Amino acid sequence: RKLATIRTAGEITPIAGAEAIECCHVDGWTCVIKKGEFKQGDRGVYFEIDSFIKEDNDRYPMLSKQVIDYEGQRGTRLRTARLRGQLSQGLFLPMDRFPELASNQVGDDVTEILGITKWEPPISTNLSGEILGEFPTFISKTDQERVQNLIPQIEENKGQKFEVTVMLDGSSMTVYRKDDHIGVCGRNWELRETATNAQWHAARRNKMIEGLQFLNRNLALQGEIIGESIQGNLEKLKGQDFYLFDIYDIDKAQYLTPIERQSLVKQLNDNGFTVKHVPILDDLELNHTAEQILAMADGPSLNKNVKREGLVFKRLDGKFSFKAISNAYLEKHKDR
C-alpha cells in the first residue's frame, strides 16, 4: 500500500553541470525533477521505488522508454538510479497533472485511484509450494516501513532504544502454533508439507516445530529463509536455513519484545531446539536523521565478506519498527 502518496516538496537543490533538472527532497527521499516543476512547499504525487506504472504517454511520458511487459501488463518499474553521481529514487509529479485529486489532502494514499501496483522480483522456484490456506489472520505479516517514510516518527523517537539486526535478503517465513495446529507459512500463504517444500524443510531442519510443541504457547516464529537459489544467495550459504527476527504472541496479538525474544530463543536452544537468529548488532539510542540512519545501512552481512541489504530497527518495547535499505545495495543489484 501507499505506493503513490501526496507529499510535500522539501528542499530543492541544484545539480551541478545539469541545468535542465534539479534535486528535490521528498521526506527522506531524493528525487530528480525537471527544473521549475516544483518549488519547496509544493504538493505532488510521489511514487515510491518498486511502484509499477502502467503505460500512458500523456500522463507518464517520462517513463515511455522504460516500459516493459510485466505480468501481462505494459508499464514501467520505478527503480533506484544514479545518473551523474546524483542518487534519484521515485517519481514526483505536480498535483495539476492529476485533476481528479483536486480535493485530496496532503498525505493521502492515492495508490488505488491512480492504478499503481507493486513490482516484485520473481519469487524463488522452490519457495512456491502447495498452498494449504490463507496467511493466518491472527498472525501479523512481516512488512517493515522504510526509514525514508518516517521523518516525524524518527524525531519523536529521539532517545528511544532499538535492536539493530542485519536485514537478510531471502524470503519471509512463519512457523506457528495455534492450539492443536502447527503450520508453516511463506510471506502470503500457509503451505503443505512436501519433500521439496523449502520452508517446511528448514523448519524440520532446526526442529522448530518440536520447539513450539515444547513451548506449548500460541506463537508465530517469524524469520527469513535464505541460502542457495533464494534471491541470488547473497550470503553464499550451502543449503538453505531460517533466521528468526520476530516472535508474534498470537493470544495477545502483539510482538514479543527483543529481550523476550532473546529469552525465548535462549530456552529453545538450551532445550536442544537451536534456532538461529538474524545477526544482532549494537542496540542503538536513536538521535539521528533519516540520512544518518540510511548511512548506517551499508556494511557486512551475516557473511561478513558481502555487503548487506540493509538494517532493521525494532524499538525495545516491540511496538515500533522500521528498515533502512542500503542504497549501495540497490545500485549493485538491479533486481531489487
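Numbers for residues come from their place in the sequence shown, where the first is 1.
Participant: Quick one: higher average CA temperature factor, 41 to 49 or 66 to 74?
Facilitator: Comparing 66 to 74 with 41 to 49, the higher average CA B-factor belongs to 66 to 74.
Participant: On mean Cα temperature factor in this entry, is 144 to 152 or 116 to 124 the higher one?
Facilitator: Mean B over CA atoms: larger for 116 to 124.
Participant: According to the deposited entry, which of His181, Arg217, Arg97, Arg187 has the largest Cα B-factor?
Facilitator: Of the candidates given, the C-alpha B-factor peaks at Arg97.
Participant: Looking at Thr80, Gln262, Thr196, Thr165, which has the highest CA B-factor as recorded?
Facilitator: Among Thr80, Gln262, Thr196, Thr165, the highest C-alpha B-factor in the entry belongs to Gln262.
Participant: Lowest, middle or highest third of the chain for the C-alpha temperature factor of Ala295?
Facilitator: Highest third of the chain for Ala295's C-alpha B-factor.
Participant: Within this chain's modelled residues, let me know which third the CA B factor of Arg204 belongs to: lowest, middle or highest.
Facilitator: Middle third.
Participant: Consider only the C-alpha atoms of the modelled residues in this chain, order them by B-factor as the entry records it, and name the third containing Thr30: lowest, middle or highest.
Facilitator: Middle third.
Participant: Splitting the chain's C-alpha B-factors into thirds, which one does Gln231 fall into?
Facilitator: According to the entry, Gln231 has a C-alpha B-factor in the chain's lowest third.
Participant: In terms of the CA temperature factor given in the entry, to which third of its chain does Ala20 belong: lowest, middle or highest?
Facilitator: It belongs to the highest third of the chain when residues are ordered by C-alpha B-factor.
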